[PDB]
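For reference, the structure is listed below as C-alpha cells.
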Amino acid sequence: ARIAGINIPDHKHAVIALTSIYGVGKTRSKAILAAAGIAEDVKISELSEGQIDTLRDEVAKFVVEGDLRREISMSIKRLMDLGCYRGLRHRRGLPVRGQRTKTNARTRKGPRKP
Amino acid sequence: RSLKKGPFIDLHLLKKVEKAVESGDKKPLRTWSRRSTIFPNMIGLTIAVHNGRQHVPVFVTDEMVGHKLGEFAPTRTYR
Amino acid sequence: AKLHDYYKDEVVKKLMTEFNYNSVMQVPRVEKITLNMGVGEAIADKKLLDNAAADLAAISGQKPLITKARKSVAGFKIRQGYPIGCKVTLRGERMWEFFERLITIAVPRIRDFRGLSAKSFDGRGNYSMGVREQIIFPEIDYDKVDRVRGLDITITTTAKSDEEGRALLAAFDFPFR
RNA sequence: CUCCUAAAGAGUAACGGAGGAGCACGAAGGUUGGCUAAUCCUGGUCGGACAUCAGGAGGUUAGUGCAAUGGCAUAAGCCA
RNA sequence: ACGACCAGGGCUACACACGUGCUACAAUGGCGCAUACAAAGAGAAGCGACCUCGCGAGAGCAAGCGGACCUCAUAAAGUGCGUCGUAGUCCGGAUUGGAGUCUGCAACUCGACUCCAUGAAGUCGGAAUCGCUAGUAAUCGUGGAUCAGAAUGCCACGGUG
C-alpha cells in the first residue's frame, strides 16, 4: 500500500518491496521486517492493515525520505559553500574521491563533448 | 579516516596556535603543515597554508573544524 | 456542511473580536472553490483531455467546464478557440464538503509534506495553491492512472486584505509553514 | 471602393499624396433571450516573456469576414 | 652549481583521442540455506591459529611454526532445496552522502578495506579488428614477487572443459 514514506511500494515480496523507499536498502528492509514480525517472503498483499501500520511505525525510526534528500543536499551545500577541495570537485562536476580525470570520469562528467 | 585514537596535528603548529590565542589577535599564521587537523581553538584565526608555491590565507570558521588544513589550499591551477 | 456549521458558530465570534468588527457581515466568507486543470498538451491528442476532465469530475462530483484559448499565441503554438483545459467551480455546501475533504484528507497525503505557504495570497485576501499529483485524492484510484497531471486550487474570499484572509483559513486549521 | 489635396453644403484637376476591390457567408442572414473588451498587475502544478485559473487595476486603447473613413454600449461587438 | 640538504607541492591535472584490461548488460542467471572435490607457494621487525568483543573491516589475549608437523587457508565454479519470472528487474554496479578500520611520523591533494544509504551508463555493441588446434580456447577460484600499506597488472597453480 502506502507507507509513512509517501512512496507506494509495489505488491511483491516485502523485503524487496520495502526497498522502494529512498533510504531503505536490503539490510534495512530485513531489519524492518524482523523488528516488525513479518516474514520476508510474503507479498505486500496478504498483509493486514494493522501489519502495514506496524511497518510504518518501524520505518518512522529511520530518516528515509525527502528528509534524507534534504540532509544530503545540506551536506553537499555545506561542502560547496565551504570552498574546500571536495566542495570545488562538487562545483565542477568532477570525481570527488580521487578517481583519475585523464580518462574515465564519465559518470561525473556525463556524455563527452568535443 | 584516521583511527579513532585522536586526531593529528603538528606540534609546531599547535604551539603557534596557543601562542596566538593567548596573546590576542595576531597576523596570519604561515605554515606548511597541510596535514594538520583544524581544532576548535583555531576558530577566528587566519592560517596561511602553503599550497606548493604560496601560503594561501584561510580564515577558520566553526564549519571547518575536523578538516585538514590542506583542504582549503588548492595545489593545482586549472582554468 | 461540517465546517460550514463550524463556520457560523465558532470562527465568527473569535474573528468578530479579533478584528473588532461592528457588524457580523464584516467577517470574511468563502464564496467559491474553483479547480483549474491546464492541460496544454491536449492539442497533440484530445483523447487524453476527456479522461483528464474525468478525473476532475471525480474529485468534486461536478462535470467540468472545458476552457478554450482566449487568443492564439504561437509561443505555445495554439490557435484561438482550441480546447486547452478544464475547470470546475464549487459553491455552497458542495464547496464545504470538498473544503473539508482536502484539509483533513488532502493535507495528509501529499508526498514530503512541509506545510502550505503564507505568502501565496493575492494581495486582497484570496488564497491559491497548486497540487502536483492527482493520486492524492481517495476518489481517483492508483490502478487507473494514465498520467500524473496536477491542478491548481484557489480560494475566493470576501476578505479585503491578506491579514483578514490568512486569519480566516487559520481558523479552519490550515497548515501554514 | 476609402482618405487627403477640396478653400467648414454638394461638386472640383494633375504621370498629385496614400491604400484597397474583381469576394465571402444557409450562417457570418432573421428573431428572441443573454453577455461586455484591450492591456497590465498580484497569486497560483508542470507552465516558460506569452496557454488555462483567481483577484484588482483599466474603461473600449478591443472587436467588426477584408482597405480606409464614418459609425457602433439600446451595442452594429460576443453567446445560445 | 647543471653539485648538496630541507619542508611543501607535482609525477594522481582534464575539453579530448588511442592502446591494454576488469565488470556487466542477465534465467546456461541473481540471491538465500546446506554440502563436495585441488594444485602450487610464502612465513621470524614474519605467518599468526584457538578463545573473547565487533554487523563488518578488525581488535584484545595468546599457542604453534625457520615449518611434508604450525599458520596463511573457508577453493570457486559444481551439487541439493527454495525464491525471483524477463522488468533497466531481487540484472548491473558506477557515482555520491554519512559512519568507521588498519598501515604509516602523516591517508587534504593522493591509500586500501568495512558498514549504512544512493543506484549512472549499460538490454550484446558501426566501419573495422584480435586470440586460439586439446587438457587448447572459454570459464572458476588459489598463490607469489615488489611491498609498512597500496594489484582489475605481472609471474605461476590447479577445477570444469
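The sequence lines fix the lettering, A, B, ..., with proteins before strands; numbering per chain opens at 1. These values consider heavy atoms only, across backbone and side chains, with no hydrogens, waters or symmetry-generated copies.
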Among [options], find the nucleotide with the atom closest to the side chain of [X].
{"X": "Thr67(C)", "options": "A112(E), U96(E), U52(D)", "answer": "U52(D)"}
{"X": "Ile72(A)", "options": "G97(E), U83(E), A51(D)", "answer": "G97(E)"}
{"X": "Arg70(C)", "options": "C84(E), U39(D), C14(E)", "answer": "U39(D)"}
{"X": "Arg76(B)", "options": "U52(D), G8(E), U109(E)", "answer": "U109(E)"}
{"X": "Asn36(C)", "options": "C116(E), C53(D), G43(D)", "answer": "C53(D)"}
{"X": "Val73(C)", "options": "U96(E), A15(E), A51(D)", "answer": "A51(D)"}
{"X": "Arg34(B)", "options": "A13(E), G9(E), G100(E)", "answer": "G9(E)"}
{"X": "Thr75(B)", "options": "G9(E), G8(E), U39(D)", "answer": "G9(E)"}

- In a check of ring pair (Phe, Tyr, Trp, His ring centres under 6.0 Å) between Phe99(C) and each of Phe172(C), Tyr7(C), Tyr6(C), which one passes?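 Looking at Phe172(C), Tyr7(C), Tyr6(C), the match for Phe99(C) under the ring pair (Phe, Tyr, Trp, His ring centres under 6.0 Å) is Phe172(C).
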- Item | First of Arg132(C) and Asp122(C) reached from the 5' end of RNA chain D, by closest nucleotide |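 Going by which nucleotide is closer to the 5' end, it is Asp122(C).
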- Query: If each of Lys87(C) and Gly123(C) is mapped to the nucleotide of RNA chain D with the nearest heavy atom, which maps nearer the 5' terminus, i.e. the 5' end?
  - Reply: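 Here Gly123(C) is the residue nearer the 5' end.
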- Query: Are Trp32(B) and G8(E) stacked, counting the six-membered base ring, centres under 5.5 Å, planes under 30°?
  - Reply: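 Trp32(B) ring does not meet the centre or angle cut-off for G8(E); no stack.
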- Side chains of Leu65(C) and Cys86(C) in contact at under 4.5 Å (non-hydrogen atoms):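 Not in contact.
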Would you mind reading off the distance between [X] atom [atom1] and [N] atom [atom2], rounded to a whole angstrom?
{"X": "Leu3(B)", "N": "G54(E)", "atom1": "CG", "atom2": "P", "answer": "21 Å"}
{"X": "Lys30(A)", "N": "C115(E)", "atom1": "NZ", "atom2": "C1'", "answer": "16 Å"}
{"X": "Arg106(A)", "N": "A17(E)", "atom1": "CZ", "atom2": "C1'", "answer": "12 Å"}

- Would you sort out whether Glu97(C) and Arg101(C) count as a salt bridge (charged side-chain N to carboxylate O under 4.0 Å, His left out), showing the intermediate values? CA-CA 6 Å; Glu97(C) 73 101 340; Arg101(C) 205 207 314 267; 2.6 Å; yes
Do [N] and [M] make a Watson-Crick or G-U wobble pair, both distances under 3.5 Å?
{"N": "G97(E)", "M": "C90(E)", "value": "no"}
{"N": "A57(D)", "M": "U39(D)", "value": "yes"}
{"N": "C16(E)", "M": "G131(E)", "value": "no"}
{"N": "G88(E)", "M": "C11(E)", "value": "no"}

State, without any angle test, whether [X] and [Y] hold a side-chain donor-acceptor pair at a distance under 3.5 Å.
{"X": "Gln51(A)", "Y": "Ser48(A)", "answer": "no"}
{"X": "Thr77(B)", "Y": "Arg53(B)", "answer": "yes"}
{"X": "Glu163(C)", "Y": "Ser161(C)", "answer": "yes"}

Students often get this wrong, so: under 4.0 angstrom with heavy atoms, is [X] touching a base, only sugar-phosphate, or nothing?
{"X": "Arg53(B)", "answer": "nothing"}
{"X": "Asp152(C)", "answer": "base"}
{"X": "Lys102(A)", "answer": "base"}

- Message: Going strictly by the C1'-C2'-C3'-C4' torsion (positive north, negative south), how would you label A75(D)?
- Response: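 On the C3'-endo side: north.
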So does [X] get a side-chain nitrogen or oxygen closer than 4.0 Å to the phosphate oxygens (OP1/OP2) of [N]?
{"X": "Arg79(B)", "N": "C14(E)", "result": "no"}
{"X": "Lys4(B)", "N": "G100(E)", "result": "yes"}
{"X": "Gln99(A)", "N": "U96(E)", "result": "yes"}
{"X": "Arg112(A)", "N": "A121(E)", "result": "no"}

- Pair of N/O donor and acceptor under 3.5 Å linking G43(D) base with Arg124(C) side chain: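 Check fails, no donor-acceptor contact within cut-off.
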- Item | Pair of N/O donor and acceptor under 3.5 Å linking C84(E) base with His13(A) side chain |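 Counting by modelled atom types and ignoring angles, no donor-acceptor contact under 3.5 Å is found here.
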- Message: Checking one value: the base orientation of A73(D), syn if chi is within 90 degrees of 0, otherwise anti.
- Response: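 You should classify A73(D) as anti.
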